[PDB]
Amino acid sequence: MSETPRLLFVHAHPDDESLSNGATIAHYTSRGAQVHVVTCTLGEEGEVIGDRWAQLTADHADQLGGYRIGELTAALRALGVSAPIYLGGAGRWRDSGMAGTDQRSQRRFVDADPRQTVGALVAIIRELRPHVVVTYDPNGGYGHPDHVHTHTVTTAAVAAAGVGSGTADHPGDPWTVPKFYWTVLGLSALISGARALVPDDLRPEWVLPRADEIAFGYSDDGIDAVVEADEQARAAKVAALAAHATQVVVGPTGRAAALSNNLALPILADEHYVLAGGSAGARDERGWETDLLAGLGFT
């Protein structure tokens, strides 16, 4: 274990950390926890909002990933995290592209040698020795191929990290992650969130989404934990999303945001999780932990 708590979030693209776990990250950094984010790709295949950087996309100059390094860096800082960590090194494994898009590249993350991807993340785990690790559920949240792959890699890495390896002269330093969570979308919290939005929250060109285009929400019964952050944490999440300016636009009141598809989304203080490995601590009347560190003895 040790004295200051340590948490690790493993994501696919720049912005995933803020969209999924921004409020949770800021929550824990503000309480003196050591939090790191690992990002598995630079996001080379992203769309761009606005004209200024529009020629950086893969179908033009194809330089978007390098630009998003600065966005990620600023977003992490807003969340209280000091620097990005790109799996295998910045630029190692390329954004694999949205589902269904047939993509040309011989460096795609989904195609990468599991020995290398898993090996890279085992090293990070063993170095950082996180008490909590967080990543996507098996369907990668909304089904993005890198999200699914990030889940597969991270699951395998968590399993390998605590197992003895290395040679007689170079023994591994194994670390068994105490608690392993999937970050997931809470269906009910989202409905509540969308329903609380007023026209003043939206930009004129944004459309509210209907049931069908949203999406893959867990029921309260499928959820094991929540971090219910305060307004200071939520405002950090807002600032982190604003920093990903090519990817995400925050509305006039900071209550809502939208990606390039112009679907308005609420920016919530509550973030939900499924416990995939380890022992739960105390659960409330919903059956949820209210602290990812629960049972680990920091309180």
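Start at 1 with the first residue shown and count on from there.
When the C-alpha B-factors of 98 to 106 and 151 to 159 are averaged, 98 to 106 comes out higher. Remark: stretch with higher mean C-alpha B factor among 192 to 200 and 166 to 174 is 166 to 174. For the set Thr135, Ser219, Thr73, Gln116, the maximum C-alpha B-factor listed in the entry falls on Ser219. Taking the deposited Cα B-factors for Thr41, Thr29, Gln63, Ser260, the highest one is held by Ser260. Sort the chain's modelled residues by C-alpha temperature factor and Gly46 lands in the lowest third, per the entry. In this PDB entry, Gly143 carries a Cα temperature factor that places it within the middle third of its chain's modelled residues. The deposited CA B-factor of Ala282 belongs to the highest third of values across its chain. Sort the modelled residues of the chain by CA B factor and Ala54 lands in the lowest third.
Ranked within its chain, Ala294 lands in the middle third, by CA B factor from the PDB record.
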